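Given next are the chains, with one letter for each unit.
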4 protein chains.
Amino acid sequence: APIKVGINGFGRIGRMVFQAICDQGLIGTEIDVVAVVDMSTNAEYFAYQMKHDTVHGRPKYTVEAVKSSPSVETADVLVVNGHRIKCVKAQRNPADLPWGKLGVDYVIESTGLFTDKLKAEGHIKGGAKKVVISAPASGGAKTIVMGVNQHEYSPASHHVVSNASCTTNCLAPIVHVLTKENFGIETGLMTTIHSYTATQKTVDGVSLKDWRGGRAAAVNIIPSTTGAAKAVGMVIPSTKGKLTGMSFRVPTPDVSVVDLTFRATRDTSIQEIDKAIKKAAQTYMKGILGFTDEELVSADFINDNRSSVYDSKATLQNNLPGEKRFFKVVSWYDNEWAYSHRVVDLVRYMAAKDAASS
Amino acid sequence: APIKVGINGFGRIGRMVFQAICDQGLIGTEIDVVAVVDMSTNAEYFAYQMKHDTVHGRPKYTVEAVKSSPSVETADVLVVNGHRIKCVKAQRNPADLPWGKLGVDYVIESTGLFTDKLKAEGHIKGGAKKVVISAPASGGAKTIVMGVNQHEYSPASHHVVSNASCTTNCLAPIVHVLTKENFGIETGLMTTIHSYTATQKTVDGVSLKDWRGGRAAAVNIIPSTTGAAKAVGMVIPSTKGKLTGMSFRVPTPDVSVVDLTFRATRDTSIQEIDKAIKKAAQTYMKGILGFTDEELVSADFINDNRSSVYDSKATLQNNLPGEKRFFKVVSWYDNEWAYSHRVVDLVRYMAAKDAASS
Amino acid sequence: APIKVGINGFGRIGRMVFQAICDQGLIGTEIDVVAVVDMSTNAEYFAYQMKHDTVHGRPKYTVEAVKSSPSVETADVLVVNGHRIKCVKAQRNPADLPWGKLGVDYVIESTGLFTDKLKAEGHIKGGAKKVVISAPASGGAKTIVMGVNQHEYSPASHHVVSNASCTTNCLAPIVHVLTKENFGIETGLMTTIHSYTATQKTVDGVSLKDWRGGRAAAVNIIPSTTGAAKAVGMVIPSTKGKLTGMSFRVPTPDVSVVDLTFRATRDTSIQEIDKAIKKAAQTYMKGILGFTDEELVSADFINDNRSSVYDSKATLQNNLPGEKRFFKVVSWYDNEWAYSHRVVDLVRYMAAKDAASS
Amino acid sequence: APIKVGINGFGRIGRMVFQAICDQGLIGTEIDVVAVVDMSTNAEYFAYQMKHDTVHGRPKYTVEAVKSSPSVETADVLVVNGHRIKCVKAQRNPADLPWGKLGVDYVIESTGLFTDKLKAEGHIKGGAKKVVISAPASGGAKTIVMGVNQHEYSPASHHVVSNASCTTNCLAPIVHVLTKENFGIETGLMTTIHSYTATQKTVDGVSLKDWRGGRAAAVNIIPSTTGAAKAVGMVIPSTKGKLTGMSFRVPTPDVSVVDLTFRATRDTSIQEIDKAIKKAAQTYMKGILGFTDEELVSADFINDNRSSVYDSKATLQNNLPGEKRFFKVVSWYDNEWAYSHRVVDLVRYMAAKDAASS
Ligand SMILES: NC(=O)c1ccc[n+]([C@@H]2O[C@H](COP(=O)([O-])OP(=O)(O)OC[C@H]3O[C@@H](n4cnc5c(NCc6ccccc6)ncnc54)[C@H](O)[C@@H]3O)[C@@H](O)[C@H]2O)c1
Ligand SMILES: NC(=O)c1ccc[n+]([C@@H]2O[C@H](COP(=O)([O-])OP(=O)(O)OC[C@H]3O[C@@H](n4cnc5c(NCc6ccccc6)ncnc54)[C@H](O)[C@@H]3O)[C@@H](O)[C@H]2O)c1
Ligand SMILES: NC(=O)c1ccc[n+]([C@@H]2O[C@H](COP(=O)([O-])OP(=O)(O)OC[C@H]3O[C@@H](n4cnc5c(NCc6ccccc6)ncnc54)[C@H](O)[C@@H]3O)[C@@H](O)[C@H]2O)c1
Ligand SMILES: NC(=O)c1ccc[n+]([C@@H]2O[C@H](COP(=O)([O-])OP(=O)(O)OC[C@H]3O[C@@H](n4cnc5c(NCc6ccccc6)ncnc54)[C@H](O)[C@@H]3O)[C@@H](O)[C@H]2O)c1
């Protein structure tokens with residue numbers, strides 16, 4: 001049973017979803033990537049985009065750009081590891097995409113334009129059974145963070161699911177062991193020192209909705225907002241209105257770090273917390289939550305696919321010496337990598353439960 | 001008599017041309033900026049963008065944003081030192097712009113989208129008399145570099161003119177005094193090590209016309225094409241087919257350097273060349289061509305309004321010891337600031353020549 | 001009566017303390033900078049460093065390099081605006097510095113090698129009557145943040161004064177009015193997102209005492225320690241053990257931002273806190289604390305000489321909506337420029353007190 | 001029969017040479033690394049430097065840090081792949097290093113300090129049989145570029161050998177096929193847009209020998225000099241006094257590119273030169289000279305061990321269309337990694353020739 005997926009928007013996350021599908025062994029055997037969609041249908045230019053990444057390197061798979069038939073002027077079929085993917089043209093409305101016809105059942109929505117559960121339904125109107133939004137979703141969609149609440153999915157009810165944001169996926173696992181191990185956050189504020197993204201600008205330009213976010217990106221520390229402010233309360237309803245935060249966008253191109261400052265419900269210590277987070281990383285959060293005892297800096301997390309990886313030393317040293325309630329917890333994440341692995345983990349969970357019931 | 005100008009595209013070059021008008025003492029008196037055009041009309045947002053620049057800092061003029069009538073919702077008039085500039089909404093076609101209505105005669109075309117003579121003429125159809133494309137132009141518009149061939153301008157024939165590009169305004173000064181002081185160039189190639197611009201990308205992205213241009217801009221050395229390649233031959237026909245080159249877009253926000261390598265027509269020396277450039281700096285090319293004897297790096301050329309500023313020490317330490325024909329000439333330039341100043345000098349030179357005749 | 005000073009270690013803070021002295025209009029008239037001490041004595045090189053700065057531009061003063069005698073090989077005296085500063089060679093011990101000879105009474109200890117009280121007394125034995133260390137000090141030196149506790153300085157008891165770090169001169173204003181306006185801080189942790197410094201490395205290199213800190217500076221988010229972790233308790237005895245923090249060094253050359261997360265003593269609001277700080281900013285903290293109501297990023301604080309300028313918007317927008325105990329204060333600072341001005345303002349304060357008593 | 005080698009200066013090149021020895025299969029069987037030398041004897045700090053590199057990522061090999069006796073305070077032995085390397089304490093004179101005692105015959109000198117052939121013999125007085133200087137040398141040390149002139153090595157008389165610089169290793173292959181294939185280079189001039197290195201400064205600071213080299217590294221285009229200005233004439237004497245160049249140090253942490261403008265000795269075409277370089281890349285320069293047909297940028301050459309990998313499209317698109325003599329040739333290089341592999345290649349060659357005769 002090849003899960004038939006199509007990628008709408010072959011950008012940073014689209015191309016890293018694609019690469020997490022090939023690197024993890026699933027192309028053409030477990031998941032069938034039927035088609036990819038973006039502005040051009042020049043498969044040679046997509047191959048160029050895949051083969052050479054500034055931040056994550058050359059990939060291990062191989063890519064060819066072949067035509068479907070010599071009647072077409074430019075290569076339109078991509079051939080990865082002998083698997084053929086089709087380069088479909090970008091549609092302004094989700095519904096004008098031929099999903100049903102190409103036989104695509106699960107569509108990964110990663111353009112960034114269709115974050116509303118209502119516009120994303122246009123995929124299903126085009127023929128898709130399910131939709132995963134690689135972002136926070138507005139308008140009613142289900143937001144799941146793997147390792148914390150993927151089980152609340154239901155094939156029957158949830159058809160446009162959302163995998164939250166990179167920072168949610170990092171914060172929430174931290175929050176989830178704090179509650180489940182019962183330290184509890186009474187209240188919590190959080191900062192994500194975060195790499196710049198494709199929504200920012202090389203030099204000072206136009207950004208109407210966030211004035212600061214239009215400042216030259218690679219030469220300014222830019223205050224702005226994070227997506228995990230809302231979404232962690234959505235995933236864990238016990239933190240609704242207990243926790244919020246901001247974002248500082250600094251001049252690195254990938255990897256970010258969460259910096260959570262909370263107050264505990266019961267009296268505890270940072271040694272108890274560090275123990276429970278390591279334990280959790282080895283037992284029930286394994287693969288999603290990780291930890292590190294080394295003096296790592298940010299470029300040591302490029303290509304690290306844990307959702308979140310707790311920094312044991314930066315935490316243990318930077319807390320109040322005899323504290324029972326006021327705690328800092330530092331944790332890292334490759335915003336482009338681990339998040340792209342979680343999208344594929346979610347597709348496959350959903351396909352499993354969709355077959356499990358119908 | 002105030003020159004009635006309208007800036008279409010209030011971006012890096014739009015806003016710097018505006019600020020140059022204020023810093024030189026022309027607003028309201030010598031130059032009247034009737035209107036600016038961009039993706040919004042919210043003048044409180046153009047205020048912010050004028051008041052805070054990452055590279056060139058805070059401006060000396062004062063900016064206020066007020067509403068034209070109490071009927072409008074968001075402030076839509078700019079007021080720069082008690083002079084009113086209007087914030088007109090952007091049009092997909094130049095012909096649709098109310099230029100004759102607003103009373104604009106000269107339009108500075110700096111959107112980047114209308115570098116063709118004919119899409120630029122839509123301005124004259126919208127009620128403008130003359131257009132200055134802040135870029136090189138296709139379709140046959142007049143290309144004039146100030147200090148070299150601005151005298152070639154005719155009020156009768158040149159309605160869409162072009163002030164070439166930043167690199168062309170840096171290299172043609174140098175090429176000009178080499179041809180005029182009789183050293184000559186037999187053939188020559190050129191390289192601009194240049195700052196990234198707003199067409200480049202924060203993270204690897206789509207750029208289907210120059211594939212490399214699409215790669216993360218601030219973490220890479222990206223080879224690409226320079227404007228001064230085509231344009232130095234248009235300005236000096238003597239260099240047609242004898243001079244071409246490339247760009248290496250490197251991770252800095254502003255200022256670029258030209259690295260010219262040429263073979264001279266007669267047997268000379270680099271000290272003869274160094275003295276002639278210094279001479280031409282102090283005599284005929286003043287304010288256009290400049291020079292330095294100091295050990296400077298790119299950050300020192302921020303806000304240097306010279307088109308070309310020769311580096312006497314880098315040229316001299318990095319040429320062959322007793323050479324008569326093969327030489328290197330190095331020259332800096334603030335690609336944003338100086339080019340903007342030269343646009344204003346062109347507007348003013350055209351507007352005076354037009355009055356002197358009609 | 002010129003306050004006889006000499007700067008030991010003319011680097012970033014040494015040249016910004018020097019430009020602060022000249023710019024405020026003090027050189028020659030109120031402060032006589034007798035000598036500057038560094039790894040060289042080539043006043044031509046020192047003058048290359050003064051005239052061109054990558055982050056703070058061309059200075060307002062003029063620097064000339066003169067020979068004290070034609071008997072010396074290279075220029076060894078700096079003439080800044082007609083005034084003569086001598087270039088004395090760098091000693092490995094403060095003690096062997098000719099202070100008593102040169103006439104120097106106040107020494108600004110900005111090498112960053114003699115931060116302990118006792119190696120700092122090495123200048124006094126050698127002739128200086130007073131010493132200001134541009135860094136937190138060990139061995140029991142008096143730590144003073146201007147505008148918070150300079151009233152505690154006593155000419156009799158305190159000869160080796162510490163002006164604390166740049167982050168404590170940003171964090172200590174805000175903790176001072178939070179206690180003075182009785183909100184009070186129960187416990188609190190802080191993070192500074194901070195620009196890389198002279199003590200960091202261009203490529204991965206050696207740093208034996210903090211491992212992460214030797215990593216490539218300009219391409220990593222390097223977690224580390226801050227100086228305000230100790231210093232804010234030395235200055236504000238109330239905060240002894242209630243507040244600590246950490247630093248994240250990010251890829252910008254200058255300007256940083258504190259991000260304090262505290263739990264107040266009483267029940268309050270962020271609009272209450274917002275008013276209290278702004279008020280304080282206009283009244284008793286005017287010149288130390290500042291605020292902004294604008295959407296500014298880090299490069300808008302280059303050359304802002306307030307110790308701490310509070311960002312009203314980023315705070316109000318990124319706090320929990322109806323919270324009474326758990327808050328986040330965000331505040332900027334130009335760690336090179338603001339600090340250096342406090343240095344010149346401590347010399348000036350201490351000096352007059354000494355002249356008041358003896 | 002292992003070659004016994006010691007590395008002095010375990011910095012960027014020392015650690016990359018170490019990693020090229022383990023990568024190429026050579027550690028413990030073909031090359032035995034007896035000792036590594038740097039500021040510390042802390043095996044743990046060395047292991048942290050090896051395992052986490054910002055640019056080249058995690059090494060494939062495994063590093064442990066053990067104590068050589070229960071008596072030593074801190075781990076002083078590395079155990080890379082079961083092979084034990086000693087951590088010898090850094091010395092001020094090469095001669096005071098225990099090479100004969102340890103049993104070291106070949107010494108990779110890579111501190112950046114002992115670049116004089118006389119200072120380098122200190123190693124042979126310390127007990128070593130040969131010295132390789134990972135940098136151009138003075139005082140008459142024989143200079144070799146692998147792939148161009150290592151056949152000029154005489155076991156007999158060449159004792160302290162210099163592997164030239166990274167730019168001579170990129171430049172000399174290109175210059176070598178142009179003279180061997182009989183295009184010739186009459187006079188030539190080059191420029192290398194180049195990543196910053198460890199001799200540079202994060203923020204503006206001290207640099208007495210090159211004034212510009214002290215300016216903040218990651219925020220300027222810094223003109224400077226190159227090592228291949230001297231060394232290529234020494235490897236290829238045909239080109240002494242005929243070829244020279246300069247350097248621009250830009251804000252990338254690794255990879256650099258050679259922009260070479262030369263005039264041929266005979267009428268030829270850029271198409272012809274393009275074929276010759278591809279041909280060479282495939283036959284006698286294989287593994288040393290490569291080429292690319294792709295639209296690559298600097299980051300695509302990280303971990304590319306060819307010494308010089310020619311850009312076919314950048315060279316072909318940026319030359320004069322009718323030219324027969326005056327050309328531009330562009331070739332890339334990962335300045336840390338390819339040079340490191342070549343140092344191992346020379347040590348290996350040298351050692352086999354020395355065995356062959358004695
Ligand atoms: N990078 C990270 O760290 C990260 C982490 C977690 C989550 N995410 C999230 O994933 C999403 C994508 O982010 P990213 O970083 O990959 O950004 P990106 O800009 O690299 O990727 C977006 C991609 O979508 C493409 N695209 C634009 N309009 C499209 C369209 N119809 C419209 C159309 C049709 C015709 C014409 C015009 C428009 N149809 C299909 N593709 C279109 C773009 O060309 C681009 O390749 C965002 O929501 C972001 O929040 C990013
Ligand atoms: N920066 C430098 O160093 C430099 C130096 C020399 C020369 N230049 C040249 O000047 C030009 C501008 O470069 P820049 O660096 O200022 O770039 P920039 O991107 O900062 O400026 C371009 C500006 O034009 C605006 N714009 C886009 N479409 C527009 C439109 N109709 C279209 C429309 C209408 C409605 C919807 C959609 C589209 N009408 C009016 N404004 C529009 C953008 O919002 C932006 O503010 C380029 O040709 C560049 O080569 C730059
Ligand atoms: N930049 C900021 O944001 C900032 C803000 C606040 C506070 N600070 C603090 O101020 C201090 C300086 O920082 P910075 O950023 O200016 O750094 P910097 O490296 O730019 O300045 C240090 C200066 O001291 C010089 N120096 C070294 N050894 C010296 C010596 N004897 C020794 C000697 C003699 C002979 C040989 C060898 C050694 N005698 C005199 N000068 C010597 C260096 O050449 C350099 O110019 C630090 O403690 C730092 O924490 C910096
Ligand atoms: N990175 C590149 O792209 C590249 C490419 C090609 C070639 N290279 C060349 O290789 C050389 C090294 O460059 P790099 O980039 O690796 O620089 P780097 O700074 O990373 O490496 C230099 C290493 O030498 C160490 N060192 C300093 N003094 C030493 C000493 N005695 C002295 C001592 C003893 C006690 C106290 C004080 C001093 N003995 C042993 N080690 C010492 C440093 O701690 C450092 O680890 C340079 O000549 C450079 O031109 C670099």
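Here, the structure is the one placed above.
Residues numbered from 1 in each chain as written, not as in the entry; some residues may be left out. Chains lettered and ligands numbered in written order. Heavy atoms only, no water.

Mind showing me how you'd approach the overall build of chain A here?
Across its full length, chain A carries nine helices and 16 strands. Radius of gyration (C-alpha) of chain A: 21 Å, near the 21 Å computed for a compact globule of 358 residues. Burial analysis of chain A (358 residues in total) assigns 65% to the buried set. Pairs at least 24 apart in sequence give 71% of the contacts found in chain A among residues at least 6 apart. Accessible surface for chain A amounts to roughly 11,900 Å². Of this, 51% is attributable to carbon and sulfur atoms. Once the 41 positive and 35 negative side-chain charges of chain A are each reduced to a mean point, those two points are 4 Å apart. (Helix = DSSP H or I, 4+ residues; strand = E, 2+ residues; numbered from the N terminus. Rg over C-alpha atoms; globule rule 2.2 N^0.38 Å. Buried < 20%, exposed > 50% of the residue type's maximum accessible area, 1.4 Å probe, protein only. Contact = heavy atoms within 4.5 Å. Areas by Shrake-Rupley, 256 points an atom, 1.4 Å probe, with all protein chains shown as cover. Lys, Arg positive; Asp, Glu negative; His and termini not counted. Charge placed at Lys NZ, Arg CZ, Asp CG, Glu CD.)

Is there a simple way to think about the interface of chain B and chain A in this case?
Quoted interface sizes are often the accessible area lost when the parts come together. Of the residues lining the interface, 33 residues belong to chain B; the matching set on chain A comes to 32 residues. The contact between chain B and chain A buries some 2,800 Å² in all, and 61% of this surface belongs to carbon and sulfur atoms. Three residues stand out in chain B for area buried against chain A, namely B:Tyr45, B:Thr202 and B:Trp211, and they jointly supply 24% of the buried area on that side. One can count two salt bridges joining chain B with chain A. The partner of B:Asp204 in a salt bridge is A:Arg12, and the shortest N-O contact between them spans 3.1 Å. Scanning the region where chain B abuts chain A turns up 19 residue pairs in polar contact. Those elements that provide at least two residues to the side of chain B that touches chain A are helix 1 (12-23) and helix 2 (43-51) of chain B. It is helix 2 of chain B that contributes the most residues to the side of chain B that touches chain A, four residues altogether. (Buried area = accessible area lost by both parts, 1.4 Å probe. Salt bridge = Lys/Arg side-chain N within 4 Å of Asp/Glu carboxyl O. Polar contact = N/O pair within 3.5 Å; in protein donor to acceptor, adjacent residues only side chain to side chain.)

Is there a simple way to explain the site of ligand 4 in this structure?
Residues and elements named next belong to chain D. Not every one of the 24 residues close to ligand 4 is listed here, only the nearest: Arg12, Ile13, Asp38, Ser134 and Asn335. Between ligand 4 and the protein, one listed contact pairs an oxygen atom with a backbone N or O atom of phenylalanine 10 at 3.3 Å. Within the side chain of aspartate 38, one N or O atom sits 2.6 Å away from an oxygen atom of ligand 4. Burial of ligand 4 by the surrounding chains reaches 79%, relative to a free accessible area of 950 Å². Listed by contribution, the elements that provide at least two residues to the shell around ligand 4 are helix 1 (12-23) and strand 2 (31-38). Classifying every residue of the shell around ligand 4 gives eleven nonpolar, nine polar and four charged. Taken domain by domain, the shell around ligand 4 gets at least three of its residues from each of domain 1 (2-164 + 336-355) and domain 2 (165-335). (Near = heavy atom within 4 Å. Nonpolar A, V, L, I, M, F, W, Y, C, P; charged D, E, K, R; others polar. Domains from an automatic or database assignment.)

Would you mind going over the interface of chain A and chain C with me for this structure?
Across the boundary between the two partners, chain A contributes 54 residues, which contact 54 residues of chain C. Across the chain A/chain C interface, buried area totals approximately 4,100 Å², and carbon plus sulfur atoms make up 65% of it. Of all residues in chain A, A:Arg212, A:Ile221 and A:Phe326 give up the largest surface area on contact with chain C, accounting jointly for 18% of the area buried on that side. At the boundary of chain A and chain C, one finds eight salt bridges. A salt bridge links A:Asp300 to C:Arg215, with the shortest nitrogen-to-oxygen separation between them at 2.3 Å. Put simply, chain A and chain C have 16 residue pairs in polar contact between them. Per-element accounting of the side of chain A that touches chain C gives the leading share, seven residues, to strand 10 (residues 185-195) of chain A. Of the residues belonging to the side of chain A that touches chain C, the class tally is 26 nonpolar, 14 polar and 14 charged.

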